[PDB]
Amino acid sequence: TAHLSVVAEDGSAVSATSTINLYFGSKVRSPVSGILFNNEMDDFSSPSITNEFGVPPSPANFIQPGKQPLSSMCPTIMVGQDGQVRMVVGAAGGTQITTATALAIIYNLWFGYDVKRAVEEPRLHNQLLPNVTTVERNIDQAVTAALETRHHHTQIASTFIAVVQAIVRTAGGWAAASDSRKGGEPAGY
């Protein structure tokens, strides 16, 4: 998955998330066209497959011909009451996309972190099943502590949690950030 955010000079905006699903999708590359084919069928639930201990299949997300599989993607644009764009945001990272996107929004809109900090700030994730709370390596360990004393079992993400690209309107114009977890940088004028 990749997310990107765009604001044009006229104040119009695009938030776009695109994916071939797993790394290198299906692993089928066309030797003629070069096209690397998605494995998006893996985003469906199957009554025969068990992904996680004690997690049942979700029949609302079974395969049907012509059906689109459930996605965690959520490319978002926040617009102020005056009709001006306030934030263009989204993420890559499977089921972590939705929590990471919520975090980037919380961080900027409520905690007051500028867009770069909102992107770079440590993240955590819980999706109910499995039961665990995953935290990034450099999280404020006072957070880890407050979670564990409240009976969350935490574990540390061996790599990182999601990838966020974001743009926020500021007094100085449009502040943009790309996630260092993946190595992007923004560009503008």
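A residue's number is simply how far along the shown sequence it sits, counting from 1. Just so we're on the same page, rigid core means the largest C-alpha set that superposes within 1.5 Å between forms.
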query	finding
In 8 other deposited structures of this protein, rigid core aligned: more displaced of 24-32 and 49-57 by C-alpha RMS	49-57
Mean C-alpha B-factor comparison - 153-161 and 65-73, higher one	153-161
Residue stretch of maximal mean CA temperature factor, 51-59 vs 30-38	51-59
Criterion, highest CA B-factor; candidates, 89, 92, 85, 102	85
Relative C-alpha B-factor of residue 176, binned into the chain's lowest, middle or highest third	middle
Third assignment of residue 97 from its chain's C-alpha B-factors	lowest
Residue 126, C-alpha B-factor rank within chain (lowest, middle or highest third)	lowest
Chain thirds of CA B-factor: placement of residue 2	lowest
Residue 22 by Cα B-factor - lowest, middle or highest third of the modelled chain	lowest
